[PDB]
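A single chain comes next, written as structure tokens; it is the form deposited in one PDB entry.
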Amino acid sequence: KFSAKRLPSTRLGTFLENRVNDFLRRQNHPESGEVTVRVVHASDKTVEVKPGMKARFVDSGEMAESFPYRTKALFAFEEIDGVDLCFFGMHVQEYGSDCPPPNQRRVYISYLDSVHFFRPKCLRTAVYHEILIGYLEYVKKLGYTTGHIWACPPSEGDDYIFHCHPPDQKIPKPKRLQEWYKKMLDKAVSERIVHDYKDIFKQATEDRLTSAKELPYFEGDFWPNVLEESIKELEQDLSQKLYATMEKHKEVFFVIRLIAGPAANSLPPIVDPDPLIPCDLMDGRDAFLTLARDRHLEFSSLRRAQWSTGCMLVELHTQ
């Protein structure tokens, strides 16, 4: 069988799928199936500071030229009608203890997606909370202090991970997206997994950030681009432009404090218990979108998403 269960295990993957399956066991719903969480890619990368910011702070020695991180691609599958369905995919960026500031001990949830066929429908949000909250708890135990989430609102026909979304899987508005993550984070705050969370604007204000070299620099994030455009415009201060852009989009950006204050200062180095997992199909989101486009693998209906997950799984086992 080329099932998701037969894909190599990881500490992270089995920690997450245990959290989901314990939850589903307690619910004891007849429509629910066994869930599989697999880390299908893990590789070391670096994000280079862009020219505008490089000239302003890197050439003057005020900021690092590049920040090293580990990128992981984790997928969740559920058994529906005897076959696996991939219903959740996430690409993360992890900036460890050997990363120069302002990026050290930070995790960035770059782009996230899902296919709304999780059965039963009533347990869908709860299962996503187990996955996201479970990931925050996991990295918090390894020594990561902060979590960052850009809830980038999608647009019709724009897929982040899964090619051809169901026509009725609706595109949430920024207000809806902010509300979902607020409810999710409020749940982690009450379970004592998260210390507290704030929007990016409230966060920069209460951290007393005065320079753009203090803002964490993430691969593909909105803020490395805002900074380039702000500098370019100012060539025709940077800090007031940054605070203005943060005020306008604060509802989409979350900063999540996992390890707060005193505990955060006496921390040992971050050591990942799992090995690196090469997989060029999951090296970023474009490889799997490209493959699904060329091979006509759609996730627009339940059976189409089940057939696509099957092809996806034989590609993952073949490497």
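All residue numbers are counted from 1 along the displayed sequence.
From this point on, the text means the form deposited with a small molecule bound, which you will not see here.
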(request) Determine which one of 77-85, 136-144, 188-196, 201-209 lies within 4.5 Å of the small molecule in the deposited bound form, judging by heavy atom distances; exactly one does. (result) 201-209
(request) Mark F67 yes when one of its heavy atoms lies within 4.5 Å of a heavy atom of the small molecule in the deposited bound form, and no otherwise. (result) no
(message) With the partner left out here, check for me: in the deposited bound form, does some heavy atom of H148 sit within 4.5 Å of the small molecule?
(response) yes
(request) Verify the contact flag for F117: yes if a non-hydrogen atom of it lies within 4.5 Å of a non-hydrogen atom of the small molecule in the deposited bound form, no if not. (result) no
(message) Test of understanding: in the deposited bound form, would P216 fall inside 4.5 Å of the small molecule by heavy atoms?
(response) yes
(message) For the three residues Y108, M246 and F254, which mark the spot I'm curious about, does each lie within 4.5 Å of the small molecule in the deposited bound form through at least one heavy atom?
(response) yes
